[PDB]
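Okay, so we've got a single protein chain in two different forms coming up as structure tokens, structure 1 first and structure 2 after it.
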Structure 1
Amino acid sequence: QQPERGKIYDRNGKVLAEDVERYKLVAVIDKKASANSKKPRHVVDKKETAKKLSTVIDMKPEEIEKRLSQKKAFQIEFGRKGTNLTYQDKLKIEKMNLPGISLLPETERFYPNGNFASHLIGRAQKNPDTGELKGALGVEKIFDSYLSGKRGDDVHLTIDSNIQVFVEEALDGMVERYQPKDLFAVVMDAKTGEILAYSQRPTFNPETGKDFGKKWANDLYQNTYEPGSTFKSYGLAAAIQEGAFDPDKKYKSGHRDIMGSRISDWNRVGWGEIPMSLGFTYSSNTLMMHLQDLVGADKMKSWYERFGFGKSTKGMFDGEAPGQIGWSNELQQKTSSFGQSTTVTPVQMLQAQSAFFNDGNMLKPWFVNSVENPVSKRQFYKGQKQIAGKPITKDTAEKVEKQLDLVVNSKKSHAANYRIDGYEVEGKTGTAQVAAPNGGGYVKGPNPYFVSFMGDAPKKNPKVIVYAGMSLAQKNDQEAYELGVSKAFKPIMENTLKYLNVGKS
């Protein structure tokens, strides 16, 4: 028999995955089993056996009887409906005292919460010959050789199930309303980098296997996005340190001509000669292009690299994507300033944003708290807060934070739909075009956007960062353009802050 596979735990000791015993229904149907026996050891009345067994398994009495009639066979099973039976299903069948009926014990992998952080936890699959389980995605795969066994090691995550529930419920709401092609939300402790909650859509159910394999990629570590205007914060931070951003100095908005192409602010005309601070509140593309000119393209590329972009964060997930900084020509450089051409992972965005709230120190995000064996007490691994680098000074960080405050809370804001009543919110919005997966160019349509928000609360001294992103709503794409991910960000952030005992304004 196999050693017990280790358990996966959340940060408070709740089981996310474990081994349980279930039962498989077996019917001996050959008369030769009762040749030299006092009481029958096979099924005598196929019809009565079918009726009574039908009251415990999800199979019609006609089908049980048909399967019971198979010839040249000593015993039969009943397919998917006959296995994974509970301990109460077992007791019910055995009271029936049906001749030739028995239940075989089987080990299964149990996920108590069903569809729940599924793309992070993953799923283990069973080799029916030996009962051996092997992880095929996420934590179950990454740590397969520790979890596997006389008893395997346990893996404790930084996930908080109470916060995970808020994220799962918000994402179900987004799917219902917007039916987007892709969707993710992540909650990170703003001061440690711990991943407190993470989910995506579409996803699978590790308990049932439903939809497993339809999308291999974990959004947090393996999928890449052109982030859009959330990426302007790192352009802004660079501009501040170089002395190029002055919040009150005016600049020419409108458009710029780059290698013969017209790139303009989102309203085509701009706002004339406006202060640089208002440019960022308005999410002016020409501000960012102007700032790049002042800093210099060469210096700006290094800045984005110093913020950790273009390379893996070296987390503990398999196949972490590196992204890439689009810098080949001046058109790629200029569109990178507002988050197109350059591709990122959500975990890179969390790593970079954390600098604004830790005196300029980027925090390496992390989700594995411990790998340890509960019998021997050996601890193999313990997660830690770690500074991934310090690209900016304390003063630049605070000056970035002042413009993020204004993005949500200026009189001239266009992001008031992210406000939560009783909590002070800040962050940056994004409404990015999405590259055509085959045809080249960008995906066309009425509002073909990846909409996102990189937010934190309470502002200035936040408890958590919440990053949510929604790609290509197929339903209500007008409203997705207007409201972004506000219908996910608000319940996630509000419920998280209350559960973390932060006081309402």
Structure 2
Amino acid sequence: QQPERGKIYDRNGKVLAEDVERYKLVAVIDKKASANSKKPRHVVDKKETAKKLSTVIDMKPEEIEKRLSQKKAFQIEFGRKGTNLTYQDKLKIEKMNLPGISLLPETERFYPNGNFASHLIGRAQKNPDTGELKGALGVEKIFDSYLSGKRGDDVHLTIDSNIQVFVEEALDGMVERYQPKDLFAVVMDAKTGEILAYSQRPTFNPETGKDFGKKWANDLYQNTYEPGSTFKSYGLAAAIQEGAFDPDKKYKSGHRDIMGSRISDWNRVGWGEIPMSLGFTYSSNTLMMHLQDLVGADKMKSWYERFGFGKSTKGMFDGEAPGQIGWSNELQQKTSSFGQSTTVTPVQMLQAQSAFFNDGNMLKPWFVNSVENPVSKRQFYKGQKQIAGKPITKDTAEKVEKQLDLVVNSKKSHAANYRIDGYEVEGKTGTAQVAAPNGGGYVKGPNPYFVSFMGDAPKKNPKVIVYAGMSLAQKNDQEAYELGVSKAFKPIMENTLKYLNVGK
């Protein structure tokens, strides 16, 4: 009686969610059903029927037999263990020829890949009274009025399942190695803004419902972060445009005093009077505070605003977080220069980083390729490249790219763990303290950091941007601080470029 719910597809037309026919177990336990019948049509042996069904459904025999022993009942079912079973489970039970036993056909929502882009695809939930499906999160929810039907509409994503396997596998390794409390990776076409892969940890499996509800927030669109030093690039770009940044000009490294607080470069001691380019390759906070001073505090807030921060990107995900620019005072101002106080979404970081590879134009990231009905062929929606703004010139963008190149490839680089052999890698590293959730200050511990990397390859003329982030490793927190997210960036990026036939 329910219309088939529309399918969710990846960019190459692979099925990511679809309606299927599963089956539900029913046991007639009343003798009235088998009155005018030679063979019995009700359970005559509750003990043996309980033992045989335990060989297909995951229920102990005592529990089956207990459910079979209910008085004043015509027929009984078996809860969650008795539904959503396959055509093969059906035939295996049927060959047993247990009296009073049958399988009823029921529609379920099938995610063929299981735990796979879970927080993006989402999950639909079934009302057993009617069989109506309703999306509870993600695409299944956002596009529920379209997917629900007579046949509902299909939604096609820009996700490439091949690149998504790379991301899923790389996140799995990060969990085993670092056991972080939060972890995401996203791959974006550097020239169109399409999201080619996205995943996060922890997450759920839409097929089974395992861990669904444990974390509602999609990291790309709904979680917010103090990004850390990946943010320095936008103050870098601004200082370049305003004449403040000179690659070879020297500046005073070490520390600065901001409202009775001592903020210093990551090594406490600094490096003396060193060039700005070397200051950026080193992720120098003193550089960024010096740059802020020279640009002016009023101008720099507008700089972060033109790069999209503090505002939603107007994507297609529900409840997109706006972030906020931390500018209420000079301490917040100066710490915003290196990515604290200010909070961003990852989708905002992608939009703003895209400026450096598109002559200064930010690309609005997008993951919905099509909404269309396959019966009627009506197209409701078509995603497309769209410029979100042009905060910098082509010249400013190219000079930023020169520094990002240096970050990874300078002979004095501290990010050489992000090099991939055979490929020219570039990007920016981040290490950030994390705000404790229940107010106060920052999370405490030996390495209570949100580590990240905003990378792209091949350098200067990238095909993809790969942004990965890991918050609060609970294992190998020393290594987590040392290597950041290189242990995910490298496999994702290497496998993606090779999959995209980028020359090795």
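Residue indices: 1-based, along structure 1. Heads up, when I say rigid core I mean the largest set of C-alphas that superpose within 1.5 Å between the two forms.
J.: Looking at the two rigid parts that move between structure 1 and structure 2, do residue 392 and residue 196 belong to the same one?
T.: Correct, same part.
J.: Would you kindly give the rotation angle of the smaller rigid part between structure 1 and structure 2, in degrees?
T.: Treating the chain as two rigid parts, the smaller one turns 11 degrees between structure 1 and structure 2.
J.: I need the CA movement of residue 304 between structure 1 and structure 2 once the rigid core is aligned, reported in Å.
T.: Here residue 304 registers a C-alpha shift of 0.1 Å.
J.: By how many angstrom does residue 439 shift at its CA between structure 1 and structure 2 when the core is held fixed?
T.: On core superposition, this C-alpha lies 4.2 Å from its counterpart.
J.: What does the CA of residue 35 shift by between structure 1 and structure 2 after fitting on the core? Give it in Å to one decimal.
T.: Its alpha carbon moves by 2.0 Å.
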